[PDB]
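*Asks:* Here you go, one structure.
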Amino acid sequence: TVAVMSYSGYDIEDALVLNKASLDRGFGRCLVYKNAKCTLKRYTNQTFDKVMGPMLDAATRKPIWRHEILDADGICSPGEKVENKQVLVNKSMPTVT
Amino acid sequence: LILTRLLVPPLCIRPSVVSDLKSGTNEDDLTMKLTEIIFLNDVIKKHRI
Amino acid sequence: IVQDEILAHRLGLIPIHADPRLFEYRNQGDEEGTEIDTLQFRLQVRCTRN
Amino acid sequence: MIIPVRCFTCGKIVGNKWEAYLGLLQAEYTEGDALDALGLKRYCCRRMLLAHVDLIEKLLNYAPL
Amino acid sequence: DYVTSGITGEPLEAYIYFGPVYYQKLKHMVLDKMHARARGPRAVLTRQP
Amino acid sequence: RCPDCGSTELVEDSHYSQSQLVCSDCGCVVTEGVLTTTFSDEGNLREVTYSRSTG
Amino acid sequence: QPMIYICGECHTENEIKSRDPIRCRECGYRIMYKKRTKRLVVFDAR
Ligand SMILES: [Zn+2]
Ligand SMILES: [Zn+2]
Ligand SMILES: [Zn+2]
């Protein structure tokens with residue numbers, strides 16, 4: 001429901017104000033989906049990229065903060081939240097090949 | 001004007017990008033041409049001998 | 001299939017019959033909550049074939 | 001996807017009235033008289049009920065199950 | 001329509017034009033376009049951002 | 001290691017797009033800034049292999 | 001430790017060890033997702 005009028009002078013050039021209640025009630029709510037993909041190869045040498053499990057901290061017997069979201073297999077589990085710089089796949093490459 | 005010596009410039013101008021994803025280093029064409037020049041001088045010496 | 005954020009928002013929009021005069025504002029922090037400042041609703045639904 | 005719980009402008013509870021609305025359209029009832037029966041005086045609630053698309057069932061048809 | 005101002009509580013002199021219109025949100029959002037740059041990294045060849 | 005306190009607890013942490021080494025004990029930085037190849041340059045430069053290099 | 005997964009379309013509860021070829025028991029599918037986490041997650045109504 002748009003109202004054609006001027007209001008508060010915050011709509012000078014093509015600007016337009018919204019209703020805080022409407023935004024609270026889900027109007028215009030949007031979702032952004034991004035993919036993150038990695039590959040685990042086997043090289044010409046009979047060696048492969050492998051993923052270690054979470055780095056359990058010795059002091060706390062728990063995964064470190066940078067590794068908190070990783071599951072036991074070393075891959076982040078769906079449903080958990082992710083912050084910046086946190087690891088999603090604990091991928092490790094063979095240095096030889 | 002006649003050039004009989006070559007000033008090779010410092011490593012600041014010629015990068016050596018060790019590509020950690022592979023077992024190699026990206027190198028400037030200038031360094032390759034310097035290597036070829038040294039090889040040419042040495043092989044000229046060899047052929048003269 | 002409903003995303004968790006959308007589900008939480010829809011749950012927030014749902015009104016409650018609780019009388020607000022009988023409670024007090026939850027202080028900053030104290031996310032656990034006490035008897036006075038909060039109520040709890042536990043929702044568990046499992047969908048199975050007939 | 002799913003019917004919103006509240007009207008965007010006014011905020012009246014509209015989520016519950018959706019299902020019975022389909023029942024009204026299930027019978028002979030038209031749109032306007034069905035909305036009158038549900039009790040939507042202002043036109044924002046009528047807009048929200050009318051303009052909604054029930055994509056949730058189509059997506060559930062693709063759900064793992 | 002005859003419209004009363006929310007702030008003052010007094011009716012507006014001019015009639016206002018209410019109506020439902022189709023708004024489509026766009027991909028361009030400020031959350032992705034905002035960018036700030038500290039010292040940060042530099043390039044090997046020319047020491048610039 | 002820490003030059004003053006001698007603490008070897010140097011940790012790598014990501015700042016606002018800046019790579020640097022800082023000691024957790026005295027918060028003193030030991031090495032900051034990093035040099036990486038840009039795509040515009042990586043696309044032009046050519047990779048070399050050990051075999052062709054050695055002949 | 002049983003590391004368990006879910007298959008593509010019959011949603012069979014497939015615990016597989018590492019290095020195993022991706023197969024669906026009672027099927028032959030080769031696309032496969034991970035189950036949901038068990039850890040509690042807090043969401044905000046905002
Ligand atoms: Zn409405
Ligand atoms: Zn120190
Ligand atoms: Zn299956």
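Chain identifiers are assigned as A, B, and so on, following the order in which chains appear in the structure tokens; residues are numbered from 1 within each chain, and ligands are numbered from 1 in order of appearance.
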Compile a residue-level contact table for chain A against ligand 1 at a cut-off of 12 Å, reporting for every qualifying residue the shortest atom pair and its distance in Å to one decimal, with only C-alpha atoms and all ligand atoms counted, rows ordered by chain and ascending number, as a tab-separated table.

*Replies:*
residue	atom	partner	partner_atom_place_in_ligand_line	distance
A:1	CA	ligand 1	1 (Zn)	9.9
A:22	CA	ligand 1	1 (Zn)	11.1
A:25	CA	ligand 1	1 (Zn)	11.5

*Asks:* Counting only C-alpha atoms and all ligand atoms, what are the residues, protein, DNA or RNA alike, that approach ligand 3 to within 12 Å? I want them as a VMD selection string.

*Replies:* (chain D and resid 64 to 65) or (chain G and resid 5 to 14 22 to 33)

*Asks:* Could you please extract the residues within 8 Å of ligand 2, counting only C-alpha atoms and all ligand atoms, and hand them back as a PyMOL selection string?

*Replies:* chain F and resi 2-7+23-28

*Asks:* Those same residues, written as a compact mmCIF listing (two decimals), in the first residue's frame with C-alpha atoms?

*Replies:*
# COMPACT_ATOMS: atom_id res chain seq x y z
CA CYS F 2 58.43 -11.97 20.92
CA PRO F 3 61.52 -9.73 20.65
CA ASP F 4 61.05 -8.25 24.14
CA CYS F 5 59.19 -10.83 26.24
CA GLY F 6 60.56 -13.81 24.29
CA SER F 7 57.13 -15.46 24.16
CA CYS F 23 51.98 -11.76 19.94
CA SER F 24 49.06 -12.69 22.18
CA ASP F 25 50.99 -11.90 25.38
CA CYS F 26 52.08 -8.31 24.73
CA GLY F 27 49.89 -7.61 21.70
CA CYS F 28 53.01 -6.42 19.86

*Asks:* Counting only C-alpha atoms, what is within 8 Å of stretch 17-24 of chain C, bar same-chain residues fewer than 2 positions away, as a short mmCIF file (atom, residue, chain, number, x, y, z; two decimals) with N, CA, C and O atoms, in the first residue's frame?

*Replies:*
data_model
loop_
_atom_site.label_atom_id
_atom_site.label_comp_id
_atom_site.auth_asym_id
_atom_site.auth_seq_id
_atom_site.Cartn_x
_atom_site.Cartn_y
_atom_site.Cartn_z
N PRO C 15 0.65 -13.92 18.18
CA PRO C 15 0.30 -13.32 19.47
C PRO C 15 0.10 -14.37 20.55
O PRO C 15 -0.14 -15.55 20.29
N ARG C 26 12.70 -8.28 30.70
CA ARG C 26 13.94 -9.00 30.91
C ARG C 26 15.12 -8.04 30.78
O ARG C 26 15.21 -7.28 29.81
N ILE C 36 9.87 -14.52 36.36
CA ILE C 36 9.06 -13.32 36.14
C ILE C 36 9.12 -12.87 34.69
O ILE C 36 8.10 -12.55 34.08
N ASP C 37 10.32 -12.83 34.11
CA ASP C 37 10.55 -12.06 32.90
C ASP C 37 10.24 -12.79 31.61
O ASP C 37 10.23 -12.16 30.55
N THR C 38 9.98 -14.10 31.64
CA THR C 38 9.77 -14.83 30.40
C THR C 38 8.85 -16.03 30.60
O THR C 38 8.63 -16.50 31.72
#

*Asks:* For chain E against chain F, with a cut-off of 12 Å and counting only C-alpha atoms, what is the closest atom pair and its distance in Å to one decimal for every residue that makes the cut, ordered by chain and number, as a tab-separated table?

*Replies:*
residue	atom	partner	partner_atom	distance
E:35	CA	F:16	CA	10.8
E:36	CA	F:16	CA	8.8
E:37	CA	F:16	CA	7.8
E:38	CA	F:16	CA	6.9
E:39	CA	F:18	CA	7.3
E:40	CA	F:18	CA	4.6
E:41	CA	F:34	CA	6.1
E:42	CA	F:35	CA	6.0
E:43	CA	F:35	CA	5.9
E:44	CA	F:35	CA	5.4
E:45	CA	F:37	CA	8.5
E:46	CA	F:35	CA	10.5
E:47	CA	F:35	CA	8.8
E:48	CA	F:35	CA	10.4
E:49	CA	F:38	CA	10.1

*Asks:* Quick one: pick out all strand (DSSP E or B) residues within chain E from a backbone DSSP run and write them as a ChimeraX atom specification.

*Replies:* /E:4,11,17-19,42-43

*Asks:* Hey, which bits of chain D sit within 10 Å of chain E, and for each residue what's the closest pair of atoms and how far apart in Å (one decimal), counting only C-alpha atoms, rows by chain and increasing number, as JSON lines?

*Replies:*
{"residue": "D:43", "atom": "CA", "partner": "E:20", "partner_atom": "CA", "distance": 9.0}
{"residue": "D:44", "atom": "CA", "partner": "E:20", "partner_atom": "CA", "distance": 8.0}
{"residue": "D:47", "atom": "CA", "partner": "E:20", "partner_atom": "CA", "distance": 8.0}

*Asks:* Need the shell around residue D:34: protein/DNA/RNA residues with any atom at most 12 Å away, counting only C-alpha atoms. Skip same-chain ones fewer than 6 positions apart. Format as a list in words?

*Replies:*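 Here the qualifying residues turn out to be residues 17, 18, 19, 20, 21, 22, 23, 24, 25, 26, 27, 28, 40, 41, 46, 49 and 50 of chain D.
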
*Asks:* Could you work out which residues of chain B fall inside 12 Å of chain A? Count only C-alpha atoms, and format the result as a list in words.

*Replies:* residues 20, 21, 22, 23 and 24 of chain B

*Asks:* Residues of chain A within 12 Å of chain F: nearest atom pair and distance (Å, one decimal) for each, counting only C-alpha atoms, sorted by chain and number, as a Markdown table?

*Replies:*
| residue | atom | partner | partner_atom | distance |
| --- | --- | --- | --- | --- |
| A:66 | CA | F:13 | CA | 10.3 |
| A:84 | CA | F:14 | CA | 9.4 |
| A:85 | CA | F:14 | CA | 7.3 |
| A:86 | CA | F:14 | CA | 10.5 |

*Asks:* Quick check: residues of chain B within 9 Å of chain F, only C-alpha atoms, returned as a PyMOL selection string.

*Replies:* chain B and resi 17+19+23-29

*Asks:* Residues of the last selection are to be written out with N, CA and C atoms, as a PDB file, in the first residue's frame.

*Replies:*
ATOM      1  N   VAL B  17      57.227 -15.777  -8.509  1.00  0.00           N
ATOM      2  CA  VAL B  17      56.007 -16.113  -7.781  1.00  0.00           C
ATOM      3  C   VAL B  17      55.950 -17.628  -7.626  1.00  0.00           C
ATOM      4  N   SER B  19      54.338 -20.629  -7.055  1.00  0.00           N
ATOM      5  CA  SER B  19      52.933 -21.021  -7.033  1.00  0.00           C
ATOM      6  C   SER B  19      52.776 -22.207  -6.091  1.00  0.00           C
ATOM      7  N   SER B  23      54.198 -27.391  -8.088  1.00  0.00           N
ATOM      8  CA  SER B  23      55.641 -27.445  -7.861  1.00  0.00           C
ATOM      9  C   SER B  23      56.377 -26.607  -8.904  1.00  0.00           C
ATOM     10  N   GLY B  24      56.131 -25.300  -8.865  1.00  0.00           N
ATOM     11  CA  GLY B  24      56.731 -24.405  -9.836  1.00  0.00           C
ATOM     12  C   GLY B  24      56.702 -22.962  -9.381  1.00  0.00           C
ATOM     13  N   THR B  25      57.457 -22.138 -10.104  1.00  0.00           N
ATOM     14  CA  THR B  25      57.543 -20.707  -9.843  1.00  0.00           C
ATOM     15  C   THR B  25      57.291 -19.958 -11.142  1.00  0.00           C
ATOM     16  N   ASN B  26      56.224 -19.166 -11.171  1.00  0.00           N
ATOM     17  CA  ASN B  26      56.018 -18.232 -12.266  1.00  0.00           C
ATOM     18  C   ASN B  26      57.179 -17.248 -12.314  1.00  0.00           C
ATOM     19  N   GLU B  27      57.741 -17.067 -13.504  1.00  0.00           N
ATOM     20  CA  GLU B  27      58.918 -16.238 -13.698  1.00  0.00           C
ATOM     21  C   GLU B  27      58.692 -15.280 -14.858  1.00  0.00           C
ATOM     22  N   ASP B  28      59.317 -14.113 -14.765  1.00  0.00           N
ATOM     23  CA  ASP B  28      59.244 -13.130 -15.832  1.00  0.00           C
ATOM     24  C   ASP B  28      59.967 -13.635 -17.076  1.00  0.00           C
ATOM     25  N   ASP B  29      59.450 -13.229 -18.239  1.00  0.00           N
ATOM     26  CA  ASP B  29      60.113 -13.565 -19.495  1.00  0.00           C
ATOM     27  C   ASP B  29      61.507 -12.953 -19.559  1.00  0.00           C
TER      28      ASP B  29
END

*Asks:* Between chain C and chain D, at 9 Å or less, what are the per-residue closest atom pairs and their distances in Å? Count only C-alpha atoms, order by chain and rising residue number, and return it as CSV.

*Replies:*
residue,atom,partner,partner_atom,distance
C:1,CA,D:63,CA,7.0
C:2,CA,D:56,CA,8.6
C:10,CA,D:5,CA,6.5
C:11,CA,D:5,CA,8.9
C:13,CA,D:5,CA,6.6
C:14,CA,D:5,CA,7.2
C:15,CA,D:13,CA,8.8

*Asks:* With N, CA and C atoms retained, write the just-selected residues as a JSON list (two decimals), in the first residue's frame.

*Replies:*
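Wrote it out as result03.json, contents follow:
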[["chain", "number", "residue", "atom", "x", "y", "z"],
["C", 1, "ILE", "N", 11.10, -27.79, 5.20],
["C", 1, "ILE", "CA", 11.62, -27.04, 4.07],
["C", 1, "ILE", "C", 11.60, -25.54, 4.34],
["C", 2, "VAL", "N", 10.83, -25.10, 5.33],
["C", 2, "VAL", "CA", 10.84, -23.69, 5.71],
["C", 2, "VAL", "C", 12.15, -23.37, 6.41],
["C", 10, "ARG", "N", 8.03, -16.03, 11.80],
["C", 10, "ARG", "CA", 6.60, -16.33, 11.86],
["C", 10, "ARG", "C", 6.17, -16.65, 13.28],
["C", 11, "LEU", "N", 6.99, -17.40, 14.01],
["C", 11, "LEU", "CA", 6.68, -17.68, 15.40],
["C", 11, "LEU", "C", 6.66, -16.41, 16.23],
["C", 13, "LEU", "N", 5.80, -13.42, 15.16],
["C", 13, "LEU", "CA", 4.59, -12.67, 14.85],
["C", 13, "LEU", "C", 3.35, -13.21, 15.54],
["C", 14, "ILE", "N", 3.40, -14.44, 16.05],
["C", 14, "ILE", "CA", 2.20, -15.05, 16.64],
["C", 14, "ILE", "C", 1.88, -14.36, 17.97],
["C", 15, "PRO", "N", 0.65, -13.92, 18.18],
["C", 15, "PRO", "CA", 0.30, -13.32, 19.47],
["C", 15, "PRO", "C", 0.10, -14.37, 20.55]]

*Asks:* Do you have the atom CA of residue A:16-atom CA of residue E:30 distance handy?

*Replies:*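 A separation of 15.4 Å between them.
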
*Asks:* Could you write out as a VMD selection string the residues of chain A within 7 Å of chain G, counting only C-alpha atoms?

*Replies:* chain A and resid 77 to 80

*Asks:* Define the interface residues of chain C facing chain A as those within 10 Å, counting only C-alpha atoms, and report them as a ChimeraX atom specification.

*Replies:* /C:3-6,9-10,12-13

*Asks:* Keeping N, CA and C atoms, export the residues of the selection given above as a JSON list (two decimals), in the first residue's frame.

*Replies:*
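Contents of the output file out.json:
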[["chain", "number", "residue", "atom", "x", "y", "z"],
["C", 3, "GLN", "N", 12.81, -22.30, 5.97],
["C", 3, "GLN", "CA", 14.08, -21.93, 6.56],
["C", 3, "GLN", "C", 13.88, -21.54, 8.02],
["C", 4, "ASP", "N", 14.95, -21.72, 8.80],
["C", 4, "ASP", "CA", 14.87, -21.49, 10.24],
["C", 4, "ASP", "C", 14.56, -20.03, 10.55],
["C", 5, "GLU", "N", 15.16, -19.10, 9.79],
["C", 5, "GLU", "CA", 14.92, -17.69, 10.04],
["C", 5, "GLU", "C", 13.47, -17.32, 9.80],
["C", 6, "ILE", "N", 12.89, -17.80, 8.70],
["C", 6, "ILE", "CA", 11.50, -17.51, 8.39],
["C", 6, "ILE", "C", 10.59, -18.13, 9.44],
["C", 9, "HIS", "N", 10.77, -16.00, 12.55],
["C", 9, "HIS", "CA", 10.03, -14.75, 12.36],
["C", 9, "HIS", "C", 8.53, -14.98, 12.46],
["C", 10, "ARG", "N", 8.03, -16.03, 11.80],
["C", 10, "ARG", "CA", 6.60, -16.33, 11.86],
["C", 10, "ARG", "C", 6.17, -16.65, 13.28],
["C", 12, "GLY", "N", 7.57, -15.48, 15.96],
["C", 12, "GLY", "CA", 7.55, -14.21, 16.66],
["C", 12, "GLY", "C", 6.28, -13.42, 16.41],
["C", 13, "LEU", "N", 5.80, -13.42, 15.16],
["C", 13, "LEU", "CA", 4.59, -12.67, 14.85],
["C", 13, "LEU", "C", 3.35, -13.21, 15.54]]

*Asks:* Looking only at helix (DSSP H, G or I) from DSSP on the backbone, list the matching residues of stretch 10-46 of chain B as an NGL selection string.

*Replies:* :B and (29-46)

*Asks:* Provide the atom CA of residue E:4 to atom CA of residue E:16 distance in Å, to one decimal place.

*Replies:*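 Separation between atom CA of residue E:4 and atom CA of residue E:16: 9.6 Å.
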
*Asks:* Could you please determine the separation between atom CA of residue A:35 and atom CA of residue E:32 in Å, to one decimal place?

*Replies:*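 Taking atom CA of residue A:35 as the start and atom CA of residue E:32 as the end point, the length is 15.9 Å.
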